[PDB]
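Take a look at the structure set out below.
Every residue, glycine as well, gets a Cβ built from its backbone with ideal geometry; the counts of neighbours run over all protein chains shown. FYI, it's all coordinate maths here, none of it is from the lab.
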Amino acid sequence: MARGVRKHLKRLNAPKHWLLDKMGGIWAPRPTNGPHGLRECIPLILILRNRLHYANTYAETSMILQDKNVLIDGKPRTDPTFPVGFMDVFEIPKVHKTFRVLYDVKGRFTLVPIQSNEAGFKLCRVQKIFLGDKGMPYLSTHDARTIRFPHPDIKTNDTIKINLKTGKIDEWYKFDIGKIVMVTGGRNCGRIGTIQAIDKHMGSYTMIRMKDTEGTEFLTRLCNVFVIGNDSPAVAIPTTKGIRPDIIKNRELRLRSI
Amino acid sequence: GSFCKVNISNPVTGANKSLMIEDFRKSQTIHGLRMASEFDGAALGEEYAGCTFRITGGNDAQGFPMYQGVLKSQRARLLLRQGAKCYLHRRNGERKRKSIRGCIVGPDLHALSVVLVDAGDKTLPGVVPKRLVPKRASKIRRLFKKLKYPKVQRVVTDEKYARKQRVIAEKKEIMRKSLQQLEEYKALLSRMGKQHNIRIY
Amino acid sequence: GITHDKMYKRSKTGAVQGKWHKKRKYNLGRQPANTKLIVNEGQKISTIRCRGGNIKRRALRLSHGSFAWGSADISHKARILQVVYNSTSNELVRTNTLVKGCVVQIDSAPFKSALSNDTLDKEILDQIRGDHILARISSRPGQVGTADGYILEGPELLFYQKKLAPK
RNA sequence: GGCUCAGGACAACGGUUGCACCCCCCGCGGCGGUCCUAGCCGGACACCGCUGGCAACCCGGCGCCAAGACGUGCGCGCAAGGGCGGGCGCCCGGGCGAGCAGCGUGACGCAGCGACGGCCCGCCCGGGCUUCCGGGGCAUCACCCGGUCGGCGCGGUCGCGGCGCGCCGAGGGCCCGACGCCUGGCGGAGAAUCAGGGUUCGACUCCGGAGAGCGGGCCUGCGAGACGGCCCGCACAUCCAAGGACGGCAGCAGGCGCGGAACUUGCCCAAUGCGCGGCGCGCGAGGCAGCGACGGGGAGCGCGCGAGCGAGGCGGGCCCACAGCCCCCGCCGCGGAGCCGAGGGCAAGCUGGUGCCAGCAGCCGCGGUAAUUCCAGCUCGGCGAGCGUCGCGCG
Ligand SMILES: [Mg+2]
Ligand SMILES: [Mg+2]
Ligand SMILES: [Mg+2]
Ligand SMILES: [Mg+2]
Ligand SMILES: [Mg+2]
Ligand SMILES: [Mg+2]
Ligand SMILES: [Mg+2]
Ligand SMILES: [Mg+2]
C-alpha cells in the first residue's frame, strides 16, 4: 500500500491505443494532471516524436516546447507530458499546420487538418450543473473548464461551442433523438450515428441506441455519447464518416495496399 | 587538567581576550554562580578589581556546553528540539538526545565565557570597527582597484509605483466586470426565481 | 497509539482474527478534551492539526454561549451557571462537564431585560422572573470550540422538570 | 523508484457496487467586495571576524548585515459551528430514483489573504472504508463466542461504525462443517502436461499486499506510524587519549556461514524515464561490457577427379558515450565427436581371461570351465555438440 501518489508508468501497463512498442523501453511517459485524464488522453511528446517525427528524442521535444512552437487552444504549452484530448486544437504556426484531435474508427487518436474558419473554437460536453459559492450557478465540461452564469436552457449532456479567443458560449446543441453523435469510448469508439432510442433504468446506467448511416445498429451507455451537431456535423471529421469495416473488408484493403 | 580558560569579551568596543587560571581557592567565589550572575573582578587583582562581570557560558572538561535552566552542577541528557542551543538539525522536524553540562558553576569546568558590563576608570588592554554597513533604506536614512558598495533595499522607485497602481486598477476593473455580469444576469431571469447572497452595506 | 481499526476485534462468529499489518496513521485517535465549565483563570481553547492540514479546535474551559428562544425568536448571549442533568452518567454532572445534550442553567438577566411582561409562553416567563432558565446544548465542544444551544419548552421541558424535581 | 515473501487462512486477493458517512500536493479552468509609515514597517539568526573547550563525535561566547524567510499590518462584512423557515393518503426546478443543495432572518466568533494578492470552488490522479460472488487441509477438532449480538446517549475520527465509554436487553454462529489445530501458506494475470474431460504448480518480468534484526512510540509534512528520519527495551557489533561516542546491505558489487545448488568489489548517463530547471545537472533506476553447456535457434568436420570453401591471423570501414561483437573490403590460410549400449522389454555378435569369487543387473535374471549378460580387443547400434545418472510433476 503505497504511502503516496504514483509518478512513474511502466510501458506494459500503458494504454493500448497509444501503440507503444513492447521493446522500446522499460518506462513510458506519465502524463501530468490537466484537462483530460490518464485513460482519455495522450501525451504531447508521443505526437511530437512518434507521429509527426519532428523529433527523435526527449531532448529535442523539450527544446521545441521551450521555444514555444506549439499552441494548444491558443496557449503555448511547454510541458512534454501535457495531456491532449478529444476535440482539441493543435496548430503549429511555424509550418502552417493546424489539426483537430479526434477518434478514428479503429479507436485511436487522429489529427484532422482543419481550416481557419473553424479553428477558433472547440466543442465541449457538459457533465455537471452545480451551485458554487454564494449560490451562483455553474457548469463543468469534459475538459475541466467551468463557466459562470450560463443560460438556463442548457442542461446536462448537451454540447457547447466556446470561442477560444475569449472563452464564451455562442450556441448549444440539445441532447435529443435524431441528432448526429460520435462515440468517445468503449468497443464503438470513433463511430458516427444518430440517436433512435433513449432507455433509462432507475438507479443504474442509461442506454443509448443509435443507427449508422449504412443501416447498422449498436448500443452504448450515455457516459460516452458526444453530440457533434444537428443532423450534420458541426466540425470536420476524418475521411471515412465513422464506418467501421469488417475483418474481411479490412484484409482486402490491406492486400490492395500490398 | 586543573585550570580554566577564561575568555573575556567587551561588547561596547568589540574587543575580546583570554587568559589562564591555575587555582580553585581564587575561584571559590566564582563557584555556585549561575549564568547572568554578577561576578566582581576583584578576585583577579591583575587589573580586574572593581569591574563587574557577567557569566555567559562555558565548556566542561569533556567539552559539553552549558544549558540555562537545568539548575545543576553535573551534565545530563535531554531531548533537544529545533532552534534550541547546542544542537544542529538535519531533517526539518528531527530531534536528538545529547548530554549537556549544568548551568551552575563548579570546579569541573575548563572554559568560562564572561562579559564586561561595568568597570572602573582604569583602562585595560581588553573602538568597534564595522566590516559592514546598513543595507536597508530605513536604516541608512536613520544613520546619515574597485568601488564596492552594498545594494540598497526597501527603496521605492518609479516602477514599484506603476506596478502597485496597475494591480489596484486590475482589481477594481475585475470587481466592476463581476458586478456588471451579476446585474445583467439578474436583469435576465425575469420569469424565474433566484437565490444569491445579497451584498450587505 | 489509540486506534479505531477493526482488526483487533473478533468476527461475528466469535473467532479471533490474525494481525496482518502494523498500526496505521489513518486509523488514529486522541484523548477526549473533557471541556470544563469555569463556574490564571479564563477561557482556553486549543488548536489541532488534523489530516490534510485542516484545523480543529477543542475547548478546555469556557463560560458563555449563545442561546435562542425559538417560539418568540429571542436570542442572546448568556452565562452558563452549572450542569443539572445528563442522560449518560451522573459523574459528568458532578464534575460540571460540557458535552452535546447536557442540560444547563443560564442566567436570566439578558432575557428579563426585555419582554418580561409580553404575554408569551407562561412556563418560560416564570423562569424569567427567577434567576436561571433551563436550557440544552446543541453544539459539540471538543470539535468546534463553542457551547451553543436553545431554551427548552414543550414535552421535553416537562420531562426534564419531572426528572429533576424530586431530587 | 529498487529488494524480498517473514507474517497473515470469512483476512490479503480477483471481478462487481457506493460514499446522500470521506481526504487529496502538483497541474488545468474559474473566482477574487475582508467591520472595528503604504513613495513601502520592525527585530533577529545563518555564512563570516575575534575568542575557546574536546582523543574523536560535537559544539560555546561577543560582534555590524539580506530576504519571494519571520512578525505586525492599509483593506467595499466574511471562515467553522448553532436556532427558526414545505405537506394533510401517494404520484404527476440548481439537481436526483430518492427533502438533497443554496438562500432569508435572529444570535455568537473575528479564522484565512494582504510590504511585488490569494483565501475559495470544480476537474484530475491517488487514497480510506463499503455491497454481492469466489477464496487450503484435519472430525483421533462437535459444539463455540461473553464487547461476544443488538438498542439508547456521548466522545473520537477526514468520516460511518462496539471504534471507545456508561446504561438496557439478551443474542449471534454451526454436519450447506462452526470453533480449534496445521501448513517446507503471499494472491492473481498465468506455467508444466496433452484426444475430450482433467491433474500439479504458481519465490521471480505486470497488478495488489506486507516488511526493512524483534517489539513499540513519534516529529515534519497535502501525503509516512518512514527506517539510506528520531526515541526506548531486548539481542548483536565498532572506536576510546576509559570520562565518552556510535550501527542496521530482504539496494548495486563483494565477504563469511549454510547448503546438492547459484556471476565482476567493471564503464556510462548516449537511449527509456524521474527529480529540479531555459540552451543542463544527478540517478548501482536503467543501459553497455565481463563470467555463464539453466536453456532455446541456425551452420560444420566435405564434394569430386579439381577446384573451392571455411575456422583462424594481419590491416581498412561501419557501429559504439569509449571500447568491443555482427556485417563489408583486401593479403596469408589447422577441418577436430563424444556419451550410452549389443539376452528380453528395446535397434545393435567373434576371440582371451575369471570361475556363485570378482562383478553385472530399474524388472526378469547372469556368473559353480564356450559366461550371447563380469573384465578386455574387434565389429556393430541410437542420439549427436551433446549424451548419461539422481529427485520431483504430468502422462
Ligand atoms: Mg480591520
Ligand atoms: Mg511577509
Ligand atoms: Mg510463510
Ligand atoms: Mg510489487
Ligand atoms: Mg514500509
Ligand atoms: Mg519505522
Ligand atoms: Mg526508503
Ligand atoms: Mg540498510
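Sparse packing (at most 15 other Cβ atoms within 10 Å of the Cβ) combined with a DSSP loop state is found for the following trypsin sites (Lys or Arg not before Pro) in the stretch C:63-136: C:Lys100.
Dividing the mean sequence gap of close Cα pairs (under 8 Å, 6+ apart) by how many residues chain A holds gives a relative contact order of 12 percent. For trypsin sites (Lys or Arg not before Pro), the sites in the stretch A:162-239 that DSSP calls loop and that have at most 15 other Cβ atoms within 10 Å are A:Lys165, A:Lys168, A:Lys174. Taking a ≥ b ≥ c as the square roots of the eigenvalues of the alpha carbon gyration tensor, the stretch C:101-167 is oblate, as a/c is not under 1.5 and a/b does not beat b/c. Across the stretch A:101-234, the relative contact order, built from alpha-carbon pairs under 8 Å that are at least six residues apart, equals 20 percent.
log10 I(q)/I(0), Debye, Cα-only the stretch A:79-198, no solvent, q = 0.18, 0.23 Å⁻¹? At q = 0.18, 0.23 Å⁻¹ the computed log10 ratios are -1.13, -1.46.
When the C-alpha to C-alpha distance is required to be over 30 Å, the pairs from B:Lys5/B:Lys98; A:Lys134/A:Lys155; A:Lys168/B:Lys160; A:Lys16/A:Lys241; B:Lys164/C:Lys44; B:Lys151/B:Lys172 that qualify are A:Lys168/B:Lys160; B:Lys164/C:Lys44; B:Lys151/B:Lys172.
With the simple spin-label model, which puts each label point 7 Å out from Cα in the Cβ direction, the B:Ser138 to A:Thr166 separation comes to 4.7 nm.
Treating r as the C-beta distance of A:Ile92 and C:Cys50 and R0 as 30 Å, the FRET efficiency rounds to 0.05. Measuring r between the beta carbons of A:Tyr58 and C:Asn40 and using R0 = 56 Å, the FRET efficiency lands at 0.30. Measuring max minus min along each principal axis, the C-alpha atoms of the stretch A:175-244 give extents of 39, 23, 20 Å (largest first). Which percent, to the nearest 5, of DSSP beta bridges fully inside the stretch C:30-167 are antiparallel? Counting only bridges with both partners in the stretch C:30-167, antiparallel ones make up about 85 percent. Quick check: from the Cα gyration tensor, does the stretch A:60-100 come out rounded (a/c under 1.5), prolate or oblate? Judged from the Cα gyration tensor, the stretch A:60-100 comes out oblate (a/c at least 1.5, b/c at or above a/b). Extents of the stretch C:17-79, taken as max minus min of Cα coordinates on every principal axis and listed largest first, are 58, 37, 26 Å. Evaluating 6.51 cos²θ - 1.76 cosθ + 1.60 at θ = phi - 60° for every residue in the stretch B:107-113, the Karplus couplings come out as x, 5, 6, 10, 9, 10, 9 Hz, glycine and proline recorded as x. Taking other C-beta atoms within 10 angstrom as a stand-in for reagent exposure, B:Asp108, A:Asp133 fall in the order A:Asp133, B:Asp108, fewest first. What does a probe at A:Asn224 reach in the stretch A:106-136, counting residues whose amide N is under 13 Å from the point 7 Å along Cα→Cβ? Flagged as within label range: A:106-109. Distance distribution P(r), the stretch A:2-117, all Cα-Cα pairs, bin width 10 angstrom from 0: 12, 46, 34, 7, 1, 0 percent. Taking every DSSP bridge with both residues inside the protein assembly as shown, close to 90 percent are antiparallel. Note on B:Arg91 and C:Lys163: the model spin-label points, each 7 Å out from Cα along the C-beta direction, lie 5.0 nm apart. Taken along the Cα-to-beta-carbon direction at a fixed 7 Å, the label points for B:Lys72 and A:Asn117 span 9.0 nm. Using the Cβ-Cβ distance between B:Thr157 and B:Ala43 with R0 set to 51 Å, the FRET efficiency from 1/(1 + (r/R0)^6) comes to roughly 0.30. If you take the square roots of the eigenvalues of the alpha-carbon gyration tensor of the protein assembly as shown and sort them as a ≥ b ≥ c, do you get rounded (a/c under 1.5), prolate (a/b over b/c) or oblate? Note, shape of the protein assembly as shown comes out oblate. Under the combined filter of DSSP loop state and at most 16 neighbouring Cβ atoms within 10 Å, the stretch B:1-62 retains these trypsin sites (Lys or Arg not before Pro): B:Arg25, B:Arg34.
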